[PDB]
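Heads up: the sequence lines are chains BBB and AAA, in that order.
Numbered per the authors' numbering, the first sequence spans residues 0 to 749.
Numbered per the authors' numbering, the second sequence spans residues 338 to 387.
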Amino acid sequence: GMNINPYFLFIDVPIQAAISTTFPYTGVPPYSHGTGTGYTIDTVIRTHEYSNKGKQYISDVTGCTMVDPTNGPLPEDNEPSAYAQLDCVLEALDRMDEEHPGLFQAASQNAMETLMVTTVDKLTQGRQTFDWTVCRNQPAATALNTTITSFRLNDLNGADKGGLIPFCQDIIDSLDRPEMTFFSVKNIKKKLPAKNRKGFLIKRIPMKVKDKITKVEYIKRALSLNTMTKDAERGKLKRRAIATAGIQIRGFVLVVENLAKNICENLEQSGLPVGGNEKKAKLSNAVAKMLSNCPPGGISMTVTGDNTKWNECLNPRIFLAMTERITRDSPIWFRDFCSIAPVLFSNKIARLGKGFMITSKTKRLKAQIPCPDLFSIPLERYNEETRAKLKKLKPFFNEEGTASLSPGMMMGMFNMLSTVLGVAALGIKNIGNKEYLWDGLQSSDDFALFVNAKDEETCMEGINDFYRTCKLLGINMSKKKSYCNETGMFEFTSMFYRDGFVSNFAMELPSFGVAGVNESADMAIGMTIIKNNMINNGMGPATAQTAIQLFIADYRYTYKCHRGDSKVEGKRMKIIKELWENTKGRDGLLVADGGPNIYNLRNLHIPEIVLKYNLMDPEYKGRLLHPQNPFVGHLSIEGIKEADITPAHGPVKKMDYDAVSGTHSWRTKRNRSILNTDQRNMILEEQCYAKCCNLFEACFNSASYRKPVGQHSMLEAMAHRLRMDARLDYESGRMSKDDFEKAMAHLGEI
Amino acid sequence: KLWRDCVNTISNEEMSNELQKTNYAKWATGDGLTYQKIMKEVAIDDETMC
RNA sequence: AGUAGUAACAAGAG
RNA sequence: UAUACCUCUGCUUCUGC
């Protein structure tokens, strides 16, 4: 029998040419089940495992167990090391300022000038943020609002001024307050008249209560990080833990990251913050120069590299030193501003997730053990794995159920600034005037080091120096994952090179499906993904035409909107079949109304509604595009054009599409789980703000388009406008004498 | 019995394809196998729970 | 049982 | 206790840069 082997393609086609077939992206990505406490505690232990030979002291502020590796004894083994020497960083930073003249003071200026212009609402555009008040993750926009309302009680109205600087000035001051009060809504019963047997009914009204916490508690909550586990993380067997930051720290990170971002843009040997074609364009030229500059009759070697335990080693105290060097020329107020973010990370606290679930198999019972009650149970009932961890956690464990994590960068957030520290290593280029020359690329943890020397024996000795150089910065190169070869082909951030960056279609494959915004939006997105892949990721017209076929399939089944003439049975399909019979111009019907798919390679860039508009019936187009239809709702400038996309590599970046606003451009019902919890009270709180904002937008129509500016009252604005509007309408003669006096009377009360 | 129930239910004149929650269907789907949730206070007091 | 795989679900709540 | 062969829920019992 003829025994097929799939690898045998690699005999004919080389690995890079057909790398797409080494990525299983038609399959399901790994997800996490239950708790992430065992994953977090592991990180907590491993972070201190690499810093255990440093200096251990007790924080006089928090009262926690702190560990300081920086300027510790140098390692005598290949085990991960956070023992980075301050001088060796400062030298590498100096070397960067010499090679790139007056970049630090230039980058500092741009950031400092931006900070002044930066509004407080800049902290709204974020993901799930830790809210210190309720001690749970919530949307950034809410997590911000809860802090502003709480700060108003403790008497800190820097937020009202509009700038982020005075709001940041309030945050560091709020630590000094002896007690921090915050609203905590609590239910109250209230009889209301009704048509009952006993003509009334009880409605549980929310009532805000002033709850206080001590100076220490707030300081810890402000330095606390809430931990989870990384779900949908590709190309990984075992799982790993991640962390979310508070509203306090998030203010100062934005500036320091923006500062490093300004440096990185101008640095040659950085993969960030550039992306897409711009990234390739740079790396191509960099590779061409790093190739063609090499000494003739020598050997150029590319180390396909990667750093293991990136976040677990890198210390905040080194990142603090970096800002102080970068802000040397900048004024003293900005120096102290940039110093806070690292100072907060230097004394950060880790929240250990949910906890551990214990069960009797015979009794068939289960129960979650909260993190504060971890040592309530004798450790004989925990399994070996957890028992060992919990004992190692003990000297870092706090009574409230948190872990003092002074070292490491649990959450990360500093990507741009962590890249720069990597570039600083690539800037050195030589040690002891030896007969080699190294220079590489940096994308946070990911790197690719080029080495030009006499012979390969010299090259490897040159690589050995880079390894030992990186150990003094806190960067541990992965002997396992990292490998070396003669220049011509290499790998850098899932991009494969072979005398030019090769096409890798499998990386972008998951994005081809129904994105799940709505019928009208997903159609545009679907084709825009197909046409953009023909361009960038080399999809031939045959595969491209098939990608259109396979979309309409997934689209028609997902939105249950098969062709009108097709006799596929379904609740919606019943009305679609009538529309097909009623409509004359059936080619004018959209795919979502059981019309035909008319898309091909050429017309991917044109919206479906525009393509068919001329072919539509006069009645149908009226219904489809009814100005006051109930489906669409109050459109936000982002709500129309932009939508989220999650590619398997970098953060969730929102792409923009082109679609016409019609009946199909609808929204889905809110998650109703909230109705059964005590969170109910937020529904009223929302609909209250909703009324105010919706009435403000009725007075100022431009509020929807461009952000309203003003430090004055929101009512004061609405009053003066409606006063003028009434006066001018009267004098013009749109308003009568009956209405004007009534208008001036109502406004008179305000 | 479940296969027979399927072949019978799929062969009948009724519109619905629903299957009665029989002893064999309940076993087959694995009914009420979820471990009963209890308070932390009782669980910490109980020794057999590990 | 089974899914699944370092921990869960195999319904939860009033 | 009881209403409860009733009622509500299906991402909102922690998803970061």
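Even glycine gets a Cβ: it sits at the ideal position worked out from N, Cα and C.
Hey, how far is the Cα of residue i from the Cα of residue j?
i	j	result
BBB:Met115	BBB:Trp131	26 Å
BBB:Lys362	BBB:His32	23 Å
AAA:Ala380	BBB:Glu399	20 Å
BBB:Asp210	BBB:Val255	34 Å
BBB:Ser149	BBB:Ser173	11 Å
BBB:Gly157	BBB:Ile147	9 Å
BBB:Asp438	BBB:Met321	21 Å
BBB:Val450	BBB:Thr243	39 Å
BBB:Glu748	BBB:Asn136	42 Å
BBB:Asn292	BBB:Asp498	16 Å
BBB:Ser58	BBB:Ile187	42 Å
BBB:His47	BBB:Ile524	46 Å
residue 752 of chain BBB	BBB:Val659	With chain BBB covering only 0 through 749, there is no way to say anything about residue 752 of chain BBB.
BBB:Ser510	BBB:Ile528	7 Å
BBB:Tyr38	BBB:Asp230	13 Å
BBB:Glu455	BBB:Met409	38 Å
BBB:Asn284	BBB:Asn306	24 Å
BBB:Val88	BBB:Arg467	13 Å
BBB:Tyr482	BBB:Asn532	31 Å
State yes or no: is the beta carbon of residue i nearer than 9 Å to at least one beta carbon in chain AAA?
i	result
BBB:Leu364	yes
BBB:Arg380	yes
BBB:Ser672	no
BBB:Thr676	no
BBB:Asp41	no
BBB:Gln127	no
BBB:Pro369	yes
BBB:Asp372	yes
Sort the options by Cα distance to residue i and report the nearest one.
i	options	result
BBB:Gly411	BBB:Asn314, BBB:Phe489, BBB:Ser359, BBB:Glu379	BBB:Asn314
BBB:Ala16	BBB:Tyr656, BBB:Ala505, BBB:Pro606	BBB:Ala505
BBB:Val27	BBB:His711, BBB:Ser283, BBB:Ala647	BBB:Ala647
BBB:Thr457	BBB:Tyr435, BBB:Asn475, BBB:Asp11	BBB:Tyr435
BBB:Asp586	BBB:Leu603, BBB:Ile608, BBB:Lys570	BBB:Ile608
BBB:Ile262	BBB:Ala110, BBB:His711, BBB:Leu282	BBB:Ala110
BBB:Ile170	BBB:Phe489, BBB:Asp154, BBB:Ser510	BBB:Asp154
BBB:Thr42	BBB:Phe395, BBB:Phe374, BBB:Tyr598	BBB:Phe395
BBB:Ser635	BBB:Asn693, BBB:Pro68, BBB:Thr69, BBB:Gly584	BBB:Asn693
BBB:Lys260	BBB:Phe413, BBB:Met615, BBB:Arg94	BBB:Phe413
AAA:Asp382	BBB:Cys370, BBB:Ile376, BBB:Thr128, BBB:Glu97	BBB:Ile376
BBB:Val651	BBB:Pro5, BBB:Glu232, BBB:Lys736	BBB:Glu232
BBB:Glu618	BBB:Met654, BBB:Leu404, BBB:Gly593, BBB:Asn581	BBB:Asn581
BBB:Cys63	BBB:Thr401, BBB:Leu420, BBB:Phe9, BBB:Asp738	BBB:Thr401
BBB:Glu311	BBB:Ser417, BBB:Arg324, BBB:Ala106	BBB:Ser417
BBB:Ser493	BBB:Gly594, BBB:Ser502, BBB:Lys353	BBB:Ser502
BBB:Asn265	BBB:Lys478, BBB:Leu714, BBB:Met95	BBB:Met95
BBB:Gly569	BBB:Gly563, BBB:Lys559, BBB:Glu577	BBB:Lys559
AAA:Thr385	BBB:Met717, BBB:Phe181, BBB:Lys360	BBB:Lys360
My guess is that residue i and residue j are in contact by the Cβ rule of under 8 Å, so how many angstroms apart are they, rounded?
i	j	result
BBB:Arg350	BBB:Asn225	5 Å
BBB:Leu143	BBB:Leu163	Incorrect: roughly 11 Å between the Cβ atoms, too far for contact.
BBB:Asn484	BBB:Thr303	7 Å
BBB:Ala702	BBB:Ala725	About 20 Å; that fails the 8 Å criterion.
BBB:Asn346	BBB:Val60	7 Å
BBB:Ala81	BBB:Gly473	6 Å
BBB:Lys54	BBB:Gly71	7 Å
At a Cβ threshold of 9 Å, is residue i touching chain BBB?
i	result
AAA:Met386	yes
AAA:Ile347	no
AAA:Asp383	yes
AAA:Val344	no
task: Taking only beta carbons into account, state which residues of the segment 359-376 of chain AAA come closer than 9 Å to chain BBB, listed in chain order.
output: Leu370, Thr371, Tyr372, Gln373, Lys374, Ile375, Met376
Short-range partners of chain AAA found in the segment 374-400 of chain BBB, where Cβ spacing is below 7 Å: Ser375, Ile376, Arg380
- request: Could you name the residues of the segment 339-367 of chain BBB whose beta carbon sits closer than 8 Å to any beta carbon of chain AAA, in the order they occur along the chain?
  value: Going along the segment 339-367 of chain BBB in chain order, one finds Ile357, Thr358, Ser359, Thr361, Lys362, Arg363, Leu364, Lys365, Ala366, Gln367 with a Cβ nearer than 8 Å to chain AAA.
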